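Only one chain comes next, encoded as structure tokens, the form deposited in one PDB entry.
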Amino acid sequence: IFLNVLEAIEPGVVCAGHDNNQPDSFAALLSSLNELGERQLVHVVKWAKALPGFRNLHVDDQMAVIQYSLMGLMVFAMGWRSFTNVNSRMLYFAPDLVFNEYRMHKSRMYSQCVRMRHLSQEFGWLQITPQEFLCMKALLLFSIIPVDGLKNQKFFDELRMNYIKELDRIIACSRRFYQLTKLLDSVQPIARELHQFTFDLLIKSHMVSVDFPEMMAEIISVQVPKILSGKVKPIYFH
């Protein structure tokens, strides 16, 4: 039942709308990453709200958890796409936004991209199954909370516990759980690096001709600084 649901709600293809028939430029690449982010956010929200037990969460905590975990969720899914679609040879942000090393360099996000490429390879090295991927991705949504607590922390704690239980079941073991939790933990530092880069870019957006969509700008200026300032922190296993 649980896996039936995760499979059923898994987002379909999302395109960036990038113009690949034009020479690469920092401005165009980042405007496309931003637009792609705005597009993926719409899908992540619909996905999250259809997850088993998500409605157990207080209304206010629902959108907050989604926004805090957004980058991590996107990174994990992109890593999986890169692995399944191009065997980690390139970063598959979208069918029309695939990054080779030149674009990784041009985007000024090289270090972050190489780490995501490594993440992509780990899906292969660790032989992560599509089902482990689905359960791990859902667990990522419940892996970052505010120090001052959510409106109802208890409902969040129960939900997170239940998703870990589902991972236990899919695994069924100790060695596998160790591998998967280590992989999950590795997503956080990458998201942090992207958060920092994105935050800095928004602040100087008017100087580099980069366009930020409405929702992205709000999340970056309101929620991301809470993470960067330590008010909102990831829940690591290790």
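Numbering starts at 1 and follows the sequence shown.
Just so you know, the form deposited with a small molecule bound exists too; it's not on screen, but the next bit is about it.
Contact between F177 and the small molecule in the entry with it bound is not found at the 4.5 Å heavy atom cutoff.
Using a 4.5 Å cutoff between non-hydrogen atoms, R55 counts as a contact of the small molecule in the entry with it bound. For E101, no non-hydrogen atom is located within 4.5 Å of the small molecule in the entry with it bound, even though that partner is not displayed. Not displayed here, the small molecule is kept clear of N85 by more than 4.5 Å at the level of heavy atoms in the entry with it bound.
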